[PDB]
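Structure, as structure tokens:
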Amino acid sequence: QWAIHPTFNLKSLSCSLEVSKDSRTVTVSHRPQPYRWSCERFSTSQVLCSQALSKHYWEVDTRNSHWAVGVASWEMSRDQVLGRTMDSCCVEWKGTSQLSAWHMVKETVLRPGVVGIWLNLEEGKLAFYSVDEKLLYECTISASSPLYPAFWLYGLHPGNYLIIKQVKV
Amino acid sequence: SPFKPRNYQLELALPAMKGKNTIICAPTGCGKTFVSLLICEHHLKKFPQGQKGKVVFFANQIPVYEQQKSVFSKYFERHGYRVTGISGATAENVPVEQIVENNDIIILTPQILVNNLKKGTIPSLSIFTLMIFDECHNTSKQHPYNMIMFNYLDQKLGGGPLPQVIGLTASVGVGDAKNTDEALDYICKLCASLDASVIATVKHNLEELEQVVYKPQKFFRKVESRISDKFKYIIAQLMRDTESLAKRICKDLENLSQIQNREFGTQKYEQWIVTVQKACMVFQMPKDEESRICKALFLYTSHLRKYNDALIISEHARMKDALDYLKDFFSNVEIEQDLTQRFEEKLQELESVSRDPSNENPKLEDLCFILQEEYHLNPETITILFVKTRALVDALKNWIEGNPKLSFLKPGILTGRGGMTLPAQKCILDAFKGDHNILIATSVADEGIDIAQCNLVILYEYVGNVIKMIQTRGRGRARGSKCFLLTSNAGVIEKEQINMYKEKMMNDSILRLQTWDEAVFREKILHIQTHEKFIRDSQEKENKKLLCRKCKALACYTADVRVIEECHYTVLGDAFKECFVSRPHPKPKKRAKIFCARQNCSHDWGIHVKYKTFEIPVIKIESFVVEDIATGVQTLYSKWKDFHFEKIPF
Ligand SMILES: Nc1ncnc2c1ncn2[C@@H]1O[C@H](COP(=O)(O)OP(=O)(O)O)[C@@H](O)[C@H]1O
Ligand code: ALF
Ligand SMILES: [Mg+2]
Ligand SMILES: [Zn+2]
């Protein structure tokens with residue numbers, strides 16, 4: 256019930272990464288996509304969900323290479339790397355074939374899978390899940408500024424796409 | 239000691255162990271150096287008591303020389319054999335005639351051996367018994383390896401004992417074949433050039449090779465250019481203006497050079513400018530107006546060339562660098584006042600567009616992206632970046648150190664001597686074993704640097720023949736490595752693809768050659784050697807005036823020039839002591861430079877220097893035009909070898 260039906264935003268898209276017309280699919284293009292030059296542009300292969308979040314649940318699949327999914331504020335630096343700055347907290351499947359959760363400077367590492378995020382700002386709790396279901400690392404983080412899901416995709420493996428999966432109650 | 243010999247090393251060693259002159263062809267990283275170690279050890283230990291033999295090992299580039307010397311020294315210390323090396327580094331070197339005799343293993347750079355052989359201090363090659371040629375694919379038209387082999391073969395075919405020859409390679413090279421037949425011909429000619437009967441490639445223990453050696457993966461990155469470039473447009477407008485200015489004075493110069501449809505940022509334009517120069521400063525008139534026209538055209542063409550260089554650097558390097566170069570030229574250095588006004592007019596617009604980051608060079612943008620995403624994926628990795636020119640090495644060093652986004656990178660420069674020195678190269682190399692993470696290298700990083708950890712190779716518009724492709728790709732000794740060719744031209748990508756094929760076709764041709772029956776191979780090799788030796792043997796068998811290239815002032819005459827130490831040129835006489843003027847505080851200060865006497869002509873002729881006791885000025889032929897004392901003809905000499913005269917000592 257608490258789950259929302261999110262969608263990507265087309266203002267923070269990376270020139271290397273492409274989005275489908277339905278805006279339910281992201282993927283890595285073979286060639287760069289020329290786009291507007293702006294201070295918003297990441298200049299790096301991650302994107303943000305369109306919906307702002309100021312009791313919401315949304316889940317993505319990791320089927321089809324190297325990915326990071328988490329939460330980030332708007333006040334984050336555009337050129338900064340996802341998951342290592344103050345405003346961001348994420349889980350990434352690193353190149354050592356391991357899954358980890360990244361905090362301000364730290365990295366707690368622990372078999373990948375289809376993941377889900379459930380947040381409650383009133384209780385200020387963040388929970389990550391694996392559907393098989397299963398549980399991932401849970402934290403107690405509440406942000407003053409409203410947040411967005413932040414997704415980083417591997418930028419050099421063409422044919423690697425990410426879809427947020429829309430389950431129903 | 240801890241190194242355990244693997245099977246394929248013994249397989250490769252076998253034919254050399256038997257005692258035939260052989261070539262070894264193995265993929266990069268398999269450890270051919272250890273194979274050389276084993277062959278040398280077995281060959282040296284074979285001799286009976288009271289008799290001993292020598293071993294010689296070459297290398298082209300200095301860092302490779304240093305690392306091979308270190309490897310040999312560490313391995314052969316325990317047996318007690320004495321090793322040593324010679325290079326350009328050793329100063330006041332003990333005469334080699336016996337440093338060859340004193341030691342067992344000697345490491346060199348082939349130019350030293352060629353020098354000694356030509357001078358004759360070393361009598362003959364028979365003093366040695368085993369010659370090892372690393373990176374043996376370079377034995378070709380005039381490379382020093384081939385001259386050593388020329389001495390070897392000229393000795394053998396005519397009438400003492402001769403040493404065994406071993407060569408190592410990772411790619412024998414395909415030359416310019418268009419079909420398997422020509423590749424086979426090229427490989428046969430190569431084998432003939434160094435007198436080898438056997439080519440050794442690992443086949444029995446192949447499967448062992450696949451999990452021992454990881455093949456690096458290849459990728460391409462095409463980057464488009466910007467449709468609208470403010471700096472390009474404004475500099476092109478300056479080009480059009482300066483071209484109109486130059487056109488107006490001269491009666492004609494469209495017709496002087498056959499070149500047509502000259503673009504602005506192309507090397508063809510640079511060749512056109514050079515041709516116009518070399519055709520105009522040689523043009524004669526029946528007199529001061531002649532000098533004035535020469536000066537005007539000289540200045541116009543010089544600024545044209547400098548701006549064209551700025552354009553090409555701008556399209557290659559970052560925005561700021563081109564303006565830096567142009568401003569330095571203008572500040573360091581009538582009509583020139585006019586051109587200075589023209590440039591200072593636009594200076595501020597140029598700076599404004601330079602400091603607008605939206606118009607950044609896209610190649611640098613994509614390179615930042617590649618480094619960022621890789622270092623995000625793997626926090627720790629060692630990467631190498633390949634460029635064409637040292638100026639770009641400095642530019643990339645500064646640009647990498649000045650980007651807040653790339654705080655990860657810790658840079659390390661590497662280039663050939665002359672300029673980094675030998676111990677500096679050794680320290681930079683050893684550091685990578689440490690706090691450095693990226694290495695910016697010129698062409699010297701080919702033919703084996705052997706960094707135990709490298710997972711990323713980047714080519715910045717760097718392409719060539721198949722040998723360079725293979726040797727560049729092979730650097731990624733670490734498993735999971737990758738190579739990325741970054742370019743803004745499709746033809747480069749096409750050349751890379753066709754080179755990959757050429758590698759495949761060569762690799763098939765060598766396997767075809769391996770099937771041939773023995774003693775027919777050797778027969779055709781002997782035939783080729785005989786024919787080539789015959790071909791080479793029969794192949795071979804005043805007081806003029808010099809004047810300033812910019813103001814046509816009578817500089818001197820060749821009857822007053824005396825060469826010192828056969829290698830410096832100077833002139834004595836008070837007449838020359840008036841024709842020039844030094845500068846009070848010379849730009850290096858590190859010694860006073862020479863300049864044209866007339867304030868109209870500020871042209872640098874030469875430089876002061878002191879022989880053992882005497883301070884004298886020396887000039888460069890690059891400063892004058894030569895004119896006959898009898899006729900009015902002129903030519904231009906770019907290099908003293910072409911000039912012919914009565915060379916007289918001090
Ligand atoms: N017995 C061994 N076990 C493991 N590594 C070895 C062994 N012998 C040599 N090597 C490795 O081989 C490398 C030398 O390879 P090299 O012959 O220079 O490559 P290439 O064939 O491209 O010239 C060294 O870095 C060394 O670590
Ligand atoms: F001989 Al190599 F890398 F090809 F050392
Ligand atoms: Mg080698
Ligand atoms: Zn002059």
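Sequence lines, in order, name chains A and B. Numbered per full-length UniProt numbering, the first sequence spans residues 256 to 309, 312 to 321, 323 to 368, 372 to 393, 396 to 432. Numbered per full-length UniProt numbering, the second sequence spans residues 239 to 397, 400 to 526, 528 to 574, 581 to 665, 672 to 686, 689 to 796, 804 to 851, 858 to 918. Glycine is no exception: its CB is placed at the ideal position from the N, C-alpha and C atoms.
Do residue 434 of chain B and residue 371 of chain B come within 9 Å of each other at the CB atom, strictly closer than that value? yes
Proximal chain C residues relative to residue 337 of chain A, where beta-carbon distance stays under 7 Å: No chain C is present in this structure, whose protein chains are A and B.
List, in order along the chain, the chain A residues whose C-beta lies closer than 8 Å to that of residue 624 of chain B? 324, 352, 353, 417
Measure from the alpha carbon of residue 808 of chain B to the alpha carbon of each residue in B/334, B/759, B/662, B/891, then state which is nearest. B/891
What number of angstroms, rounded off, separates the C-alpha of residue 513 of chain B from the C-alpha of residue 568 of chain B? 21 Å
Regarding residue 924 of chain B and ligand 2, is the C-beta to nearest heavy atom distance less than 8 Å? Lying outside 239 to 918, the shown extent of chain B, residue 924 of chain B is not represented and no answer is given.
Taking 9 Å as the CB-CB cut-off, is residue 287 of chain A touching chain B? yes
Does the Cβ of residue 265 of chain B lie closer than 8 Å to at least one heavy atom of ligand 1? yes
Span of the beta strand (DSSP E), counted from its first residue to its last, around residue 412 of chain A: 410 to 416
Could one say the Cβ of residue 471 of chain B lies closer than 9 Å to chain A's Cβ atoms, at least one of them? no
Can you list the residues of chain A that residue 601 of chain B reaches, using a CB-CB cut of under 9 Å? Residues of chain A passing the Cβ test: none, with the nearest at roughly 16 Å.
Alpha carbon to alpha carbon, how far is residue 765 of chain B from residue 414 of chain B? Give it in angstroms, no decimals. 10 Å
Where residue 510 of chain B and residue 242 of chain B are concerned, what is the direct C-alpha to C-alpha distance, given to the nearest angstrom? 57 Å
Taking buried to mean at least 16 other C-beta atoms within 10 Å of its own C-beta, is residue 312 of chain A buried or exposed? exposed
Under the DSSP definition of a beta bridge, which residues are partnered with residue 371 of chain B? B/407
Taking only three categories from DSSP, how would you classify residue 748 of chain B? helix
When you compare only the Cα positions, how much space is there between residue 763 of chain B and residue 383 of chain B? 26 Å
Minimum Cβ-Cβ distance from residue 394 of chain A to chain B less than 9 Å: There are no coordinates for residue 394 of chain A in this structure, because the numbering of chain A runs from 393 directly to 396.
For residue 449 of chain B, collect the residues of the same chain with a Cβ closer than 8 Å to its Cβ; drop the 5 residues on either side in sequence, then sort them by chain order. 246, 265, 268, 442
With 9 Å as the threshold, decide whether the Cβ of residue 282 of chain A is near any Cβ in chain B. no
To which residues of the same chain is residue 249 of chain B closer than 7 Å at the C-beta, ignoring the five residues directly before and after it? 442, 444, 445
DSSP-derived helix/strand/coil call for residue 549 of chain B: helix
Coarse secondary structure for residue 455 of chain B, derived from DSSP in three states: coil
Closest to residue 299 of chain A by CA distance: which of A/271, A/307, A/317 is it? A/271
If you measure between the beta carbons of residue 355 of chain A and residue 417 of chain A, is that distance less than 9 Å? no
Using the C-alpha atoms, what's the distance from residue 413 of chain A back to residue 691 of chain B? 32 Å
From the beta carbon of residue 299 of chain A, is the nearest beta carbon of chain B less than 9 Å away? yes
Using the Cα positions of residue 874 of chain B and residue 594 of chain B, report the straight-line distance between them to the nearest angstrom. 32 Å
Mark residue 617 of chain B as exposed unless 16 or more other C-beta atoms lie within 10 angstroms of its C-beta, in which case mark it buried. buried
Classification of residue 727 of chain B by the beta-carbon crowding that lies within 10 angstroms, buried from 16 upward: buried
Can the beta-carbon of residue 882 of chain B be found closer than 9 Å to that of residue 823 of chain B? no
Mind listing which residues of the region 456 to 470 of chain B have their C-beta closer than 8 Å to chain A's C-betas, in chain order? 459, 462, 463, 464
Exposed or buried, residue 557 of chain B, counting other C-beta atoms within 10 Å across all chains shown (16 or more means buried)? buried
Could you tell me if the beta carbon of residue 271 of chain B falls within a distance shorter than 8 Å of some heavy atom in ligand 3? yes
Can you list, in chain order, the residues of the region 587 to 620 of chain B whose Cβ is nearer than 8 Å to any Cβ on chain A? 605, 612, 613, 615, 616, 617, 619, 620
Distance between beta carbons of residue 377 of chain B and residue 430 of chain B, contact taken as under 8 Å: 7 Å
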